[PDB]
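Peer 1: any chance you could fold what I've pasted below:
(one chain, ligands or ions: 5)
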Amino acid sequence: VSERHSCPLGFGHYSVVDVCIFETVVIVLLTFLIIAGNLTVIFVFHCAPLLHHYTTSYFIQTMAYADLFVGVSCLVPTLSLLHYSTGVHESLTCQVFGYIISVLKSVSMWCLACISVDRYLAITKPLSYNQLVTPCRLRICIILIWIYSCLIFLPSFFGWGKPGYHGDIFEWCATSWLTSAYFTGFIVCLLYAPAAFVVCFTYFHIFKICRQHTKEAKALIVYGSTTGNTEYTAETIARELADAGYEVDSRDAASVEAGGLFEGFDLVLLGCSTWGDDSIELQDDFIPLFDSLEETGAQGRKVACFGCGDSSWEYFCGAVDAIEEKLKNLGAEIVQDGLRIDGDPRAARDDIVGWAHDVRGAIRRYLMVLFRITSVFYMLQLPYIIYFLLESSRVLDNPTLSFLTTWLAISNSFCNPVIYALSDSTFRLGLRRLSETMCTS
Ligand SMILES: Cc1nn(-c2cccc3cc(Cc4cccc(C(F)(F)F)c4)sc23)c(CO)c1C(=O)NCCO
Ligand SMILES: Cc1cc2nc3c(=O)[nH]c(=O)nc-3n(C[C@H](O)[C@H](O)[C@H](O)COP(=O)(O)O)c2cc1C
Ligand SMILES: CCCCCCCC/C=C\CCCCCCCC(=O)OC[C@H](O)CO
Ligand SMILES: CCCCCCCC/C=C\CCCCCCCC(=O)OC[C@H](O)CO
Ligand SMILES: CCCCCCCC/C=C\CCCCCCCC(=O)OC[C@H](O)CO
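Peer 2: Numbers count the residues shown, from 1 in each chain. Ligands and ions are numbered 1, 2, ... in the order given. Sure, structure below:
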């Protein structure tokens, strides 16, 4: 009774009464990050209006909740171990804890596989996508991900063996519960191999697709200019995109009608200077376009904004703030922070050309964020999967590796939110405007 085993990170011992304190603390500090990051993504998506890619946001929000639940699920037994151990074998507790974490990691994994297929359909069949990827079908997909995730780890309760190392924070799970080559083989067949195959196969086809060989894409530039500064900025941006192979249609706001103005454009750049003696006022030719902006076809449009102003005014390039706020509220995708020119734009020509270089990545930006999140997710999990396969097969047994690969796999519940939050301009625009109101209180 009360035999001792050395801790995985090399210092101390654990038993039915002794706890590895250093190992418990580094788990607790990671759960704090997972909880904070996922609550921030959930808050900003809902409270700040985050309306572009409504459909794909079903999977991103399901992942943020599954990741919040990983953080809390891990914080509860680790805090409880820091306070005391029961002095007995926690057979059911570690079995139940290990099941929950496995189910939640499966949910995130199947959400990324569905995001890759969602993007494959939006790219190859944008009109079919609009009319056939509906909220009802998105809810059925998420219900099936939860049920299927619960079903594949169900055998861990019926004598098939240990489904992972997550519960090895409990002495009985680490020493007395064994993995099985047959159960690991089952998990790899029903979860790891199929989910990884869907993402790899799907992103392989996404990265091969070319719909336009005559042009990169077609961009509309609409500008409001009273003394010619925003016109010059517009003309400099138009020539940078034309040289890069875009079909560029640049039009003075004075000469345009709002009705269906953005229809047929992959990218729309709205240029407007700020005027008004006393208030913030949009350049005169732009006011009628702003007033009728709900008629332009802005919902799901990729838009970026530019304008000239002067920072002695309290609303520096306020026309740009006002146009971005309305486009966000109309469910446009702000693909890039606005270009806000102080003074003569001829003296800021490098800032203009650099901005125009960045917008060249705007049409593929959202897809590339979802690709980076998918690839970081699988890379952080790969050491765990390799350890699982080799230890289930009895090629090696290394508690230090078991510990480090499991910590790193839990850490993808913090990387998903941090990458998404920092890579979306609409989100960082939702994050800052919500946080400016939460900075006062
Ligand atoms: C603390 C501790 N670690 N351990 C381990 C020893 C050897 C290997 C591993 C692998 C682990 C997998 C893991 C790694 C990181 C985050 C997670 C998480 F899912 F929980 F979050 C899980 S824990 C652990 C013990 C022994 O049981 C103890 C302890 O104190 N025991 C005595 C009271 O039961
Ligand atoms: C009457 C007046 C009001 C202005 N108000 C603002 C303002 O509120 N905010 C700002 O950033 N700049 C303001 N400006 C500076 C202009 O926006 C800046 O000169 C800009 O280059 C004009 O560009 P445009 O030639 O494209 O219209 C104002 C200028 C004038 C003459
Ligand atoms: C590559 C992606 C990985 C994901 C990103 C995660 C960021 C990691 C940050 C903090 C985790 C905790 C770090 C552990 C080191 C601090 C050790 C410590 O402070 O423990 C002292 C304790 O008192 C001894 O008893
Ligand atoms: C038992 C434990 C053994 C496991 C220990 C080994 C570490 C494995 C983890 C990551 C390797 C990958 C590290 C480098 C990440 C870059 C790969 C990548 O992301 O490639 C796609 C790229 O975007 C264009 O093709
Ligand atoms: C987790 C698998 C390793 C991923 C690839 C290394 C990435 C290199 C970057 C940082 C080093 C972070 C610490 C590396 C973990 C130490 C590995 C370890 O402790 O295993 C060997 C040990 O000396 C006998 O058990």
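Peer 1: can you pull the contacts of the residue of the stretch 101-250 of the chain found nearest ligand 5?
Peer 2: Per CB to the nearest ligand atom, residue 165 is where the stretch 101-250 of the chain lies closest to ligand 5, at 12.7 Å. Bear in mind the C-beta positions are built from the backbone N, C-alpha and C, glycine included. Residue 165 is in contact with 384, 387, 388, 402, 403, 405, 406, counting by CB atoms under 8 Å, 6 or more residues apart in numbering.
Peer 1: could I get these as CSV with distance to residue 48, secondary structure and neighbour count?
Peer 2: What follows is the contacts of residue 165, written out as CSV (distance: CB to CB, whole Å; DSSP: H, G, I helix; E, B strand; the rest coil; neighbours: other CB atoms under 10 Å):
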residue, distance to residue 48, secondary structure, neighbour count
384, 34, helix, 23
387, 40, helix, 20
388, 39, helix, 23
402, 40, helix, 20
403, 38, helix, 22
405, 36, helix, 21
406, 34, helix, 23
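Peer 1: what about the strands in the stretch 201-350 of the chain?
Peer 2: With DSSP state E, counting those that start in this stretch as the criterion, the stretch 201-350 of the chain has strands at 218-224, 247-252, 267-272, 274-275, 281-282, 302-309, 333-334, 339-342.
Peer 1: got the angle between the second one and strand 218-224?
Peer 2: Regarding strand 247-252 and strand 218-224, their directions subtend 10 degrees when assessed with axes from the mean of the first three to the mean of the last three CA atoms, to 10 degrees.
Peer 1: pairing partners for strand 247-252, with directions?
Peer 2: strand 218-224 (parallel) (DSSP bridges).
Peer 1: the strand it pairs with to strand 267-272, inter-axis angle?
Peer 2: Going by the same axes, to 10 degrees, strand 218-224 makes 10 degrees with strand 267-272.
Peer 1: got the contact list for strand 218-224?
Peer 2: Residues contacting strand 218-224 (CB under 8 Å, 6+ apart): 230-231, 233-234, 237-238, 241, 246-254, 256, 261-262, 264-273, 282-286, 289, 319.
Peer 1: out of those residues, which touch ligand 2?
Peer 2: 230, 273, 283 (CB under 6 Å from any ligand atom).
Peer 1: can you pull the contacts of the last one?
Peer 2: Contacts here follow CB under 8 Å, 6+ apart; on that basis residue 283 touches 224, 225, 226, 230, 253, 272, 273, 274, 275, 319.
Peer 1: from ligand 5, how far off is it?
Peer 2: Look at residue 283 and ligand 5: by CB to the nearest ligand atom, to the nearest Å, they are 53 Å apart.
Peer 1: for that residue, which non-adjacent residue is spatially closest?
Peer 2: Here the nearest residue to residue 283 in space, its sequence neighbours aside, is residue 224; by CB to CB, 6 or more residues apart in numbering that works out to 3.5 Å.
Peer 1: count the neighbours of that neighbour for me.
Peer 2: For residue 224, the neighbour count with other CB atoms under 10 Å is 28.
Peer 1: how far away is residue 221 from ligand 3?
Peer 2: Taking CB to the nearest ligand atom, one finds residue 221 at 40 Å from ligand 3.
Peer 1: residues near that residue, how many?
Peer 2: With neighbours defined by other CB under 10 Å, the count for residue 221 comes to 22.
Peer 1: and it, bridged to which residues?
Peer 2: Beta-bridge partners, per DSSP bridges, of residue 221: residue 250, residue 269.
Peer 1: one step back: could the contacts of residue 283 go into CSV alongside distance to ligand 3?
Peer 2: Shown next, in CSV, are these (distance: CB to the nearest ligand atom, whole Å):
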residue, distance to ligand 3
224, 45
225, 47
226, 50
230, 43
253, 46
272, 41
273, 43
274, 41
275, 47
319, 40
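Peer 1: list just the nearest of those to residue 6.
Peer 2: Taking CB to CB as the measure, residue 6 lies nearest residue 319 of these, at 65.9 Å.
Peer 1: the longest helix along the chain and ligand 1, are they touching?
Peer 2: Counting by DSSP state H, the longest helix found in the chain is helix 91-124. Yes. Using CB under 6 Å from any ligand atom, helix 91-124 reaches ligand 1 at residue 101.
Peer 1: which parts of that helix are buried?
Peer 2: Using 16 or more other CB atoms under 10 Å as the test for burial, helix 91-124 gives 93-95, 97-120, 122.
Peer 1: so what's the residue count around residue 194?
Peer 2: 13.
Peer 1: leaving out the residues flanking it, which one is nearest to it?
Peer 2: Residue 194's closest residue in space is residue 113 (CB to CB, 6+ apart), at 8.0 Å.
Peer 1: please apply the same query to residue 27.
Peer 2: Leaving out its chain neighbours, the residue that sits closest to residue 27 by CB to CB, 6+ apart is residue 78, at 4.7 Å.
Peer 1: tell me the angle of the one helix or strand the one you found maps to relative to helix 91-124?
Peer 2: In the assignment (DSSP states H and E), residue 78 maps to helix 56-83. On the basis of the same axes, to 10 degrees, helix 56-83 is oriented at 160 degrees to helix 91-124.
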